[PDB]
Each structure stands twice: as structure tokens, then as C-alpha cells.
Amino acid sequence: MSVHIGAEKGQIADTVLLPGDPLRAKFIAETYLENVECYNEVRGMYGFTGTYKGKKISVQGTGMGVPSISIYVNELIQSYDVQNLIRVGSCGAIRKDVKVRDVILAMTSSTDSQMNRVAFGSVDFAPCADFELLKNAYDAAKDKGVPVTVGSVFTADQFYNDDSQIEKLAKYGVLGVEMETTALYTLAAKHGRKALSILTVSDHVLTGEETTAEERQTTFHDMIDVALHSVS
């Protein structure tokens, strides 16, 4: 019904989790939700709806980069009237004080995408998490004792950047680099919806060290748990 999502009216829940990898969308749905339906296979960018403790929850792959997620966020909001949009992904830590097991909640994101300069010109637009979701996610992490850090991230257009400024960004307190948050937070606010990015650490970019498969399995699972207690 919308150009990129093959779902009919009603198949998509009010609350959508937004991994980048459509195979993580599948994984998440199969593993966390009951009564799972796949409402979309267009471009292999899987989307699913199921229930979690009796409440409908969709999970939708976004792809990588601002332009890709923008497509999905726009259609979810405009065509399916989605209300709560929660990115669940990873980022490369760019400070030593950001630990491999920390679950990051982005208040805001910096970017080298031109998307906001296209709309505002000489204004630096700072995108903003919905506080209600942020606080809930934070409270849920605390209540369970999941280590959680709250700050900003950098939304990059180039995974491989020869002109990378992450070193300067780190000195300004920025926590990590990823490629979607700016778009999510900007598009959700523009349409009066609620958005939050929750992120795990894929690696430390300035030391090059990977997080281990085990560490990744655990922070991933913590991230999903926190996500599922962020609405209300």
C-alpha cells in the first residue's frame, strides 16, 4: 500500500522496533514475540508483527544510512500511523569511558548528513529523543541493573571515512558512531511521533578492538529487553 512496505491497513503495530539488519528483525520477532506474522518481504527488508506480554509490537528492518531508514520511517508514520519508533542497533564506541557492555540511550545525535542543512540551511538542527520513551527505557534498565549510559551519538554517512572527525567528536563527549539516529529523530519529531535509539557497542573505533561474540549476544539481548519496556 506504501511504496516500500507490502502491508495492508492494520498489520503494523503502534510501536515498531527498528533494527538495521532485516535478519535481526526476523531473529527478534521469532525469539521475543508470540503469534508472529510477516507483513513485508519487499526488497527482503523484513517486517513482522507479534505480541509481547499481550501487546502487539512490530519489528521492521531499516537498512543502513539516513536515506534508507528515512524511507521506512516516513512510510511507517504516514501510511501506517505508527506512534512509537525505537531504533535498536549498534554503534562503534569512540571513547574509552564507554564500556563494551553499556547500553546507550541517545538524547541526540550529531551528523555529517546534509538532510537537515537541506531543510534549514544556516541552522544546525539538533534532533531530540522523545523524553518519555527515553526515561522509560532508562527506568527499565535501572530496575533490572542493566548498565546504561545516556548521551549523544554521531550519525555518519560514510562507514569508511577518510575525513573522519570522530576524534574531535569524542573530545566533545560524543559516545559513538552509527548511521541512522539523526534521520529517525528528525522525521519522528516532524510528524509528532515518539522516537528513541537504543544502541550496543560493536567495537571501539579509536582502539580497533572488536566486541566478542559473547559480549554482543548479551548486550543485544539487554537492548531488546529494555526496548520492550519503553512504551507507557
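Note that the rigid core is defined as the largest set of C-alphas that superpose within 1.5 Å between two forms. Residue indices: 1-based, along the sequence shown.
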query	finding
Higher-deviation stretch (C-alpha RMS, rigid core fit) in 9 other deposited structures of this protein, choosing from 72-80 and 97-105	97-105
Farther-lying stretch by C-alpha RMS in 9 other deposited structures of this protein, rigid core as reference, of 163-171 and 190-198	163-171
156-164 or 101-109, whichever carries the higher mean Cα B-factor	156-164
Higher-B stretch (mean Cα B-factor, as the entry records it), 208-216 or 18-26	208-216
Entry-reported Cα temperature factor of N35, expressed as the chain third it lands in	highest
Entry-reported Cα temperature factor of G44, expressed as the chain third it lands in	middle
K194, C-alpha B-factor rank within chain (lowest, middle or highest third)	lowest
Modelled-residue ranking by C-alpha temperature factor, third containing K144	highest
B-factor third for the C-alpha atom of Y185 within its chain	lowest
